[PDB]
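First, one chain by itself in structure tokens, the form deposited in one PDB entry.
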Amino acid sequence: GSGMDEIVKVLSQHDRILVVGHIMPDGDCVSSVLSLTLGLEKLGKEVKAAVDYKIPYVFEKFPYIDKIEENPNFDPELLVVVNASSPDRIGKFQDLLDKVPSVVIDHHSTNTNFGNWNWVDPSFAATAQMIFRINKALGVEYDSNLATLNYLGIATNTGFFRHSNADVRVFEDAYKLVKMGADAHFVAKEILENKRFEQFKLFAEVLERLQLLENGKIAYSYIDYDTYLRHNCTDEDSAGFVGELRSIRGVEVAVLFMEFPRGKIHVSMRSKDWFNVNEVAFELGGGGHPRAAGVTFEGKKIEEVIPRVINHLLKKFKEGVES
């Protein structure tokens, strides 16, 4: 397993670079892609950024968001894949893995190490923190826009400094980026204050279906595909719903089952204090973090997935309570 130094050397050695993020991009993906792309351009390299997916609405006002292309026309010397744990997550760009030397930079412990060089460090809360250190190691000078873009992923992946991954290194990075001009309020406003009215109606559906188990310590609900369509919503609109269920008093584990598209059931799990949802996720074929993890089923009825997941969660939860 390569460290940062070997990645920095490899980046220094190539001058035509395609930086690729994952489908369904989140703040850390957008942050890592644009921060590395702009950093490498400041070294004079020829760099393009690509994500095989529509950029979500909340990113449309960020500086340089138009640098991320869905259909780049580029012949790179080097592929750099950021924040994507497996080749399927980069969509049509996985075809380049067979033709172009590749670097992987990722904080996900689930990363399959599919690059020729791989720097994977789960002690970071965000891949953006790794890009920050790469850019500094390369000699990149930050301006306010680059600082804002690199702050983005650290904020989003820690829930804006609320989750258990917000450790001293996260706060140090945020401080350094704000000192360099990162507009923390701009980032919060664009990410968190662009709610659709339909999102309130969709969450009302979640609350109607909400079920508590184990003396209120487990909360789960679901959104079926017809309900997304009924409210002109996609799974972009239910971002943050599972954390709202975790925020209920006395809840330790929250699970949200989301069918989107039809027959594709994503299970999002969150815990509050002590329960390791990643162990449940892993055993079901997914993965993630001790306090935030997920599983994705293809080709299943939601009526089959829900009781199987709840069954496994109850067994594990009862074991944990017994210590």
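The first residue of the shown sequence is 1; numbering continues from there. In this text, the rigid core denotes the largest set of C-alpha atoms whose superposition between the two forms falls within 1.5 Å.
What comes next is about the form deposited in another entry, which does not appear here.
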Cα displacement of residue 61 between the shown form and the other one reaching 2 Å, rigid core superposed: no
Rigid core superposition, residue 309 Cα moves 2 angstroms or more between the shown form and the other one: yes
Core superposition between the shown form and the other one, C-alpha change of residue 273 at least 2 Å: no
